[PDB]
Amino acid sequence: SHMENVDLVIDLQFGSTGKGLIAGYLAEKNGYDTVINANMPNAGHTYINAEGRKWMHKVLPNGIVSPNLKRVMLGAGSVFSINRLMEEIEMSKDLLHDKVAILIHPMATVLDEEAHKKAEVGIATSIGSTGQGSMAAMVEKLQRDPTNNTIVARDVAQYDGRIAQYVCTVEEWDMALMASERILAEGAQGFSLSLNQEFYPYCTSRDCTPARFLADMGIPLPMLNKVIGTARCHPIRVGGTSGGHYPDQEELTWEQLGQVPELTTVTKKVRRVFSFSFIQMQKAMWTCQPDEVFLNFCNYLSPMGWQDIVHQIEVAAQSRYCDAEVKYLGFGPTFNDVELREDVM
């Protein structure tokens, strides 16, 4: 009868805050039986455990590292490459054992790598889109053409056997959520990337908010226990003409931060980096309303600098009626680098 059991990870900036790290960290600490996401191919999530084992996932939740893993769920809002999904499953087959059920929502979108990426070539330069086919795939799903049996996982399962064992029904989806003890819902992208945030058209193809991530994962609202918001000390955007920033922030350089230029690994496009925006935090806090915050890339600043950003985040939260507590701090890309805030300050 108790229902609040979903911990939803949401980005509070323009993405790449290390949601992949907090997902894997929380999965290992909290031992969720169900890990769920609604990812699109624009988002790649990296987790590195204490032993140095690395997971770079575009389809599978990073939370599959949970010691009590029972269910892996790919939301209806998912846009995925079956090839990639196959590699990710194979890569973690030790974790995705016989007693682990992988559930692909019947309406999850199958990425047509050639056609969908080709359709995004223009926005790949114009809005600095990742051009991974995410929206092109989503639009093909929205066409709702009864003659198109190649876009949703339910229809693709009938000719592509690779996903037939994973593709479930809507009732199976709802029951898997019902039967779950503790859920880790993994949000992707970033609050300010939301289609309905102010940087349109320099945004993604959906809102990157708790309400949209819960919707895209088919999670009933009473299931939400807590929202874990993620933030970087210096927010980033992808390279190119990727959009504007907030009035209280400035575009910095990697040389200015004294850091190794961050880039999207496949294309090697250098990420745009910005100073921390309090306005962004207020905007994110207002909509996202996190209960807990993970402040990452603290290793880019002095103790004074990131300690200041912690207090900023907490006051930006209080100002927008949000009781968010910076509970976790990131000092590197691995599990060992996630510190409890109360231990370092």
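Think of the rigid core as the biggest set of C-alphas that the two forms share within 1.5 Å after superposition. Residue numbers here begin at 1 and follow the sequence given.
Stretch comparison, 35-43 versus 311-319: after rigid core superposition, larger RMS CA deviation in 6 other deposited structures of this protein is found for 35-43.
With every structure aligned by its rigid core, 135-143 is the stretch of 135-143 and 193-201 whose CA positions lie farther away in 6 other deposited structures of this protein.
Compared with other deposited structures of the same protein, residue 254 meets the criterion of being unmodelled in at least one third of those that resolve residues on both sides.
Residue 160 is built in all of the other entries compared, counting only those with both neighbours built, so it is not a gap in a third.
Once the C-alpha B-factors are averaged per stretch, 121-129 and 255-263 rank with 255-263 first. The deposited CA B-factor of residue 13 belongs to the lowest third of values across its chain. Among the modelled residues of the chain, residue 6 sits in the lowest third by CA temperature factor in this PDB entry.
Among the modelled residues of its chain, residue 58 has a C-alpha B-factor that falls in the lowest third according to the deposited record. Per the PDB record, residue ranking by Cα B-factor puts residue 43 in the highest third of the chain.
Residue 286 sits in the lowest third of its chain by CA B factor, as recorded in the PDB entry.
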